[PDB]
Every structure is written in C-alpha cells, then in structure tokens.
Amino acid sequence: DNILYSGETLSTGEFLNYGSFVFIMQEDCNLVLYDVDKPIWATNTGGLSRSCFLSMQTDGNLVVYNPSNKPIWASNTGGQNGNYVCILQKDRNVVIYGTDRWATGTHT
C-alpha cells in the first residue's frame, strides 16, 4: 500500500511502498525513505528509541511516537481536525493532503 490514512499507524518495520520506493518506520525509530538501497530522506531520529510507530493523526499532524508515547518527531502540521492521507507518490515524494473536500460517499 502507498497510503497511510488518518487514524492509521505504521508500527515498527511497517512501511508504505510504491515501485522501488519504500517509506519505512524502522526499529531504531528512524523514519527513512529509500530508493531501493539508497537512503533518500530520514527524520534522523535513529537511535533515539526502539519500537517506534508512525502515526497519521486526524488533526493533520504526522507524528513518530516511541512506545512510551513521547513524540520523537512530527511534521507539526497539526491543527484542523478532519480526514487526511499520507501518500508515497509515484514521483518519490511523501505528501500529506487534507482535509477531504468531496466524496461519492460510496464508503463501506
């Protein structure tokens, strides 16, 4: 999958992926974007903890929490409560979108 929907959570070792791109939430708490084996981006918080989990919040903030729930990193885009999506785009860019503007409402 390449979309982390608001209200979801990438646990340790979990990741979004598309093509050769992998946005992985590592064990050492380093959220890294790899292009195959090459590191492309990273929160550079590796080692600050263990077993962290990336969380896309409804307020719009993309936060990396440690097991103790202390936030290690965050996009700081928190504020408007609503629906949001974190997408690992086809052009190798992880982007946050929101709030939702329209929907067919065909939701299950």
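Quick note: we count residues from 1 along the sequence shown, nothing fancier.
Higher mean CA B-factor, judged across 74-82 and 52-60 from the recorded values: 74-82.
Just going by the entry, 83-91 versus 8-16 on mean CA temperature factor gives the higher value to 83-91.
Sort the chain's modelled residues by C-alpha temperature factor and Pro39 lands in the lowest third, per the entry. In the deposited entry, the Cα temperature factor of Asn30 sits in the middle third of values across the chain's modelled residues. Split the chain's modelled residues into thirds by C-alpha temperature factor. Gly47 is in the middle one.
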